[PDB]
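**Student:** Next up is a structure, given as structure tokens.
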Amino acid sequence: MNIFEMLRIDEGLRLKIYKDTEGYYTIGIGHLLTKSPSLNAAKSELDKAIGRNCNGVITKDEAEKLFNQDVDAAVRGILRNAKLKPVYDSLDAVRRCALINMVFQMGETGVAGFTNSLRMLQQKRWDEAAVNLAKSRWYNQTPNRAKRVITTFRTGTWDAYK
Ligand SMILES: [Cl-]
Ligand SMILES: [Cl-]
Numbered sequence: 001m002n003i004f005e006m007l008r009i010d011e012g013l014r015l016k017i018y019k020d021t022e023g024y025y026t027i028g029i030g031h032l033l034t035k036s037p038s039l040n041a042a043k044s045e046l047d048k049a050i051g052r053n054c055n056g057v058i059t060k061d062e063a064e065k066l067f068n069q070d071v072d073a074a075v076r077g078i079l080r081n082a083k084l085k086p087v088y089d090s091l092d093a094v095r096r097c098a099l100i101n102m103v104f105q106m107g108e109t110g111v112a113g114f115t116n117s118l119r120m121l122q123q124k125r126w127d128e129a130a131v132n133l134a135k136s137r138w139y140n141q142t143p144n145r146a147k148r149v150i151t152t153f154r155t156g157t158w159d160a161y162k
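Here it is as structure tokens:
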């Protein structure tokens with residue numbers, strides 16, 4: 001299993017503008033378009049993203065293209081971030097996927113806000129980091145996904161996804 005497969009499980013795939021768990025306009029594989037209430041602001045962001053007139057709908061190829069860009073951007077952001085980079089470098093391959101997952105869903109900033117959990121992952125205190133990660137809005141708002149990512153951190157295997 002790889003990052004793409006993991007995130008595809010967590011975000012699903014939709015070819016028409018949709019609202020995410022938070023009520024924000026999204027398309028494809030978790031590609032956030034806008035936080036603006038306007039469906040028109042979304043359609044416009046969509047056209048800009050695709051470079052064509054989409055009218056709120058895209059093909060699977062287009063969805064996958066956006067997906068490739070988003071994962072690449074997530075990874076490059078972690079590698080450029082002073083707070084994230086060191087955690088990342090310290091982890092094993094599977095657990096690195098889990099940090100990418102969080103950054104994809106919640107942005108660099110968000111993640112960088114989990115100070116204490118980050119410190120615990122760095123020290124490799126798995127069970128304790130797991131407990132701390134759960135004490136978050138993230139866990140309360142999307143418990144099944146959070147559980148999956150959290151289990152990945154705790155065990156270092158893909159069991160939660162299998
Ligand atoms: Cl809490
Ligand atoms: Cl969930």
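Quick note: the sequence shown uses PDB author numbering, first residue 1, plus one each step.
We put the beta carbon where it would ideally sit given N, CA and C, even for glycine.
Identify every run of the alpha helix (DSSP H) within the region 49–113, keeping only runs that are complete inside it and at least 4 residues long; order them along the chain.
**Tutor:** Listed in chain order, the complete alpha helix (DSSP H) runs (minimum 4 residues) inside the region 49–113 are 60–80, 85–90, 93–112.
**Student:** Is the beta carbon of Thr-26 within less than 6 angstroms of some heavy atom of ligand 2?
**Tutor:** As a working note, residue 26 is residue 26 in the sequence shown. No, since every heavy atom of ligand 2 falls outside the 6 angstroms radius drawn around the Cβ of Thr-26.
**Student:** Take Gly-56 and list the residues in its own chain whose beta-carbon comes closer than 7 angstroms to its own, dropping the five residues that flank it on each side.
**Tutor:** Residue numbering aside, residue 56 sits at position 56 when the sequence shown is read from its first letter. Contacts found: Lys-16, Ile-17, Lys-43, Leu-46.
**Student:** Note the first and the last residue of the continuous alpha helix (DSSP H) segment covering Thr-151.
**Tutor:** Along the sequence shown, one-based indexing puts residue 151 at 151. Looking at the DSSP string, the run of the alpha helix (DSSP H) that includes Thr-151 is 143–155.
**Student:** Quick check on the burial criterion: 16 or more other C-beta atoms within 10 angstroms. Buried or exposed for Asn-2?
**Tutor:** As a working mapping, residue 2 is identified with position 2 in the sequence shown. So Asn-2 counts as exposed.
**Student:** Could you spell out the range, first to last residue, of the alpha helix (DSSP H) harbouring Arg-8?
**Tutor:** In the sequence shown, counting from the first residue as 1, residue 8 sits at position 8. From DSSP, the alpha helix (DSSP H) with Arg-8 extends over 3–11.
**Student:** Where does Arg-125 fall in DSSP's three states?
**Tutor:** Along the sequence shown, one-based indexing puts residue 125 at 125. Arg-125 falls in the coil class under three-state DSSP.
**Student:** Which of the three DSSP states, helix, strand or coil, is assigned to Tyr-139?
**Tutor:** As a working mapping, residue 139 is identified with position 139 in the sequence shown. Looking at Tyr-139 - three-state DSSP - the assignment turns out to be helix.
**Student:** Pull up the DSSP beta-bridge partners for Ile-29, would you.
**Tutor:** Taking the sequence shown and counting its residues from 1, one reaches residue 29 at position 29. None, per the DSSP bridge assignment.
**Student:** Name the DSSP beta bridge partners of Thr-34, please?
**Tutor:** Counted from its first residue, the sequence shown places residue 34 at position 34. Bridge partners of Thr-34: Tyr-25.
**Student:** Assign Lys-162 to one of three DSSP states: helix, strand, or coil.
**Tutor:** Working through the sequence shown from its first residue, we reach residue 162 at position 162. If DSSP states are grouped into helix, strand and coil, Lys-162 belongs with coil.
**Student:** At a cut-off of 6 angstroms, would you count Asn-101 as near ligand 2, judging by its Cβ distance to the nearest heavy atom?
**Tutor:** Here residue 101 corresponds to residue number 101 of the sequence shown, with the count starting at 1. No.
**Student:** Taking just the CA atoms, how far does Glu-128 sit from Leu-39?
**Tutor:** One-based indexing of the sequence shown puts residue 39 at position 39. One-based indexing of the sequence shown puts residue 128 at position 128. Distance between the alpha carbons of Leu-39 and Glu-128: 42 angstroms.
**Student:** For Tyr-88, which of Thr-26, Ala-130, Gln-105, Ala-112 has the nearest alpha-carbon?
**Tutor:** Residue mapping note: residue 88 aligns to position 88 of the sequence shown, counting from 1. If we check each option's Cα against that of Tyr-88, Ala-112 comes out closest.
**Student:** Is the region 78–87 in contact with the region 63–70, if contact means three or more CB pairs nearer than 8 angstroms?
**Tutor:** Touching, no, given that fewer than three Cβ pairs across the two stretches are closer than 8 angstroms.
**Student:** Heavy atom of ligand 1 less than 6 angstroms from the Cβ of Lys-135, yes or no?
**Tutor:** If you number the sequence shown from 1, residue 135 lands on position 135. Indeed, a heavy atom of ligand 1 lies less than 6 angstroms from the Cβ.
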